[PDB]
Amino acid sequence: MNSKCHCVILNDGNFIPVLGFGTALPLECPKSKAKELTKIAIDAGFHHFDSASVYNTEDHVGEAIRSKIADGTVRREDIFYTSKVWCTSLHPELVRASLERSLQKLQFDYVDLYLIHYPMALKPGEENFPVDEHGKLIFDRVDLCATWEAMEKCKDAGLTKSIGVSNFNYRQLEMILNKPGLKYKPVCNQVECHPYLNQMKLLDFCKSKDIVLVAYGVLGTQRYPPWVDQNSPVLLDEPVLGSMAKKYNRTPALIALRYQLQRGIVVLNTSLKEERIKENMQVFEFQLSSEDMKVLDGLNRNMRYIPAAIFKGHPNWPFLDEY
């Protein structure tokens, strides 16, 4: 990666881009819609792309990236691609198999970043959401420190450049950091973060340990009806964001994106609309003042759009602890 990019530096020396395009879809979409969106996102100037085994969009995004290489738009070296091991493959002996399957889907030699998607394990098998006859998920038990050693060996094997974690709390990060024989710290903790749920304490902690916070739900989430209470307020309808957008001559979404960049957060975003995808690149164009930043800090109301309620009975459920 060209050190010239709008990047930050991870604690293992590698460059990220601070703005990433997410490749989880709305549930009505054909997975193949990810190819079209990725090509557009490239053309608009995105070079960091967030995915997961579980989105089922990896083959499609990889194909988009390969055509943009074929036709001279990008090089592999200038793309930052993220995948995530899902809850069904957290067992140490299952982690590397899952990475190698993703690499086969993508026709890639390596991913740039590989995350534990949740600190919670589920029953192994091809089905991602194994449930019982009452419609409840079948939990499993894992040693997360041993999952982590397997993540480490994936990095030593050159299958991923970097490793870290997602949807971990303070205590779960601490478990990894204090682990005997620890070879590599996690480079990041990927978590939900916006105006409404600003993660100040989790963020402060991550920085003290050289861990980059990567934010999803930056624009209030895609509101996936399985996962998002449809009575939650719509973030972008917040009157404070509309009035600030008017002040800066920019949009509510652009205000929410910029707020996070100035806090040292790496931001993800998804849109289905080409014009919104170009619009979001305008985040590098303006500065929010120190006092407007404080005004946005004031929106914090502990509104969690994605509490992963179906996992609520799990011993390792991350969202009970204060942070």
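Note that residue numbering begins at 1 and tracks the sequence as displayed.
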Ranked by mean Cα B-factor in the entry, 34-42 and 293-301, top stretch is 293-301
Which wins on mean Cα temperature factor, 233-241 or 155-163? 233-241
Taking the values straight from the PDB record, which of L182, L213, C193, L106 has the highest C-alpha temperature factor? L182
From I138, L99, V187, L115, residue of greatest CA B-factor: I138
When the deposited Cα B-factors of this chain's modelled residues are ordered and cut into thirds, is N169 in the lowest, the middle or the highest one? middle
Of the three thirds of the chain ranked by Cα temperature factor, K84 occupies the lowest
Would you mind checking where the Cα B-factor of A308 ranks among the modelled residues of its chain, as the lowest, middle or highest third? highest
Where does the C-alpha B-factor of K247 rank in its chain, lowest, middle or highest third? highest
Taking only the Cα B-factors deposited for this chain, tell me whether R75 sits in the lowest, middle or highest third. middle
